[PDB]
Amino acid sequence: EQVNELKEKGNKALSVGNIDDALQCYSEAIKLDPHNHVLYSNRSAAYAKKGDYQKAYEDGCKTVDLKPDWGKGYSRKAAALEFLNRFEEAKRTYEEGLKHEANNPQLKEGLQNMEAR
Amino acid sequence: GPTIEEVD
Ligand code: NI
Ligand code: NI
């Protein structure tokens, strides 16, 4: 519950635009629960909003490492790759995610976007 | 630009 508490605190900070506070909350939760993919996925989002795409990417990778069946982790990873202008890798990441969650609409959209560039 | 999905 303490982990959920910190995650919620982070989500709230992010909602009021306090991204650094959100990162601190997610990072504290991660220290307590280092295998929680949701925390890395949320922190990846916060880093992407902040504009630190390398860290958004690292957290997206960790999300996929922890929970390979979860499509959203690949979206985190792939979005970071797009920001990093690594589109070939972004496309392969959407494809990799689809090997786990074939009907995921966000991954399908991402793949479509990369195939249309 | 890429979409940043909502947090969970
Ligand atoms: Ni471990
Ligand atoms: Ni796999």
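Chain A is the first sequence line, chain B the second, and so forth, proteins listed ahead of strands; every chain is numbered from 1. In each ligand, atom 1 is the first atom listed, and ligand 1 is the first ligand listed. Computation of the quantities below employed the complete heavy-atom set of this structure, encompassing side-chain atoms and omitting hydrogens, waters and symmetry-equivalent molecules.
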Distance, nearest 0.5 Å, that separates CZ of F87(A) from CZ of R117(A): 4.5 Å
One should read off an interatomic distance between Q2(A) CD and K9(A) NZ, to the nearest 0.5 angstrom, of 9.5 Å
For the residue pair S27(A) and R43(A), establish whether any side-chain heavy-atom pair is separated by less than 4.5 Å. yes
Can you confirm whether the side chains of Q24(A) and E28(A) place a donor and an acceptor under 3.5 Å from each other? no
Step through the shown structure and confirm whether more than 12 heavy atoms of other residues, nucleotides or ligands are within 6.0 Å of CG on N103(A). no
Any idea how many protein N, O or S atoms are nearer than 2.8 Å to the Ni ion (ligand 2)? 1
Measuring from the Ni ion (ligand 1), count protein N/O/S atoms under 2.8 Å, please. 1
Would you call the rings of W70(A) and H37(A) parallel, tilted or perpendicular, taking 30° and 60° as the class edges? perpendicular
Which of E88(A), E82(A), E89(A) passes salt bridge (charged side-chain N to carboxylate O under 4.0 Å, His left out) with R86(A)? Answer is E89(A)
Under 6.0 Å from the ring centre and within 45 degrees of the ring axis: does the NZ or CZ of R76(A) meet both conditions for the six-membered ring of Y40(A)? no
State whether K12(A) and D21(A) are salt-bridged, where the test is any N-O pair (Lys NZ or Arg NE/NH1/NH2 against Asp/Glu carboxylate O) under 4.0 Å. no
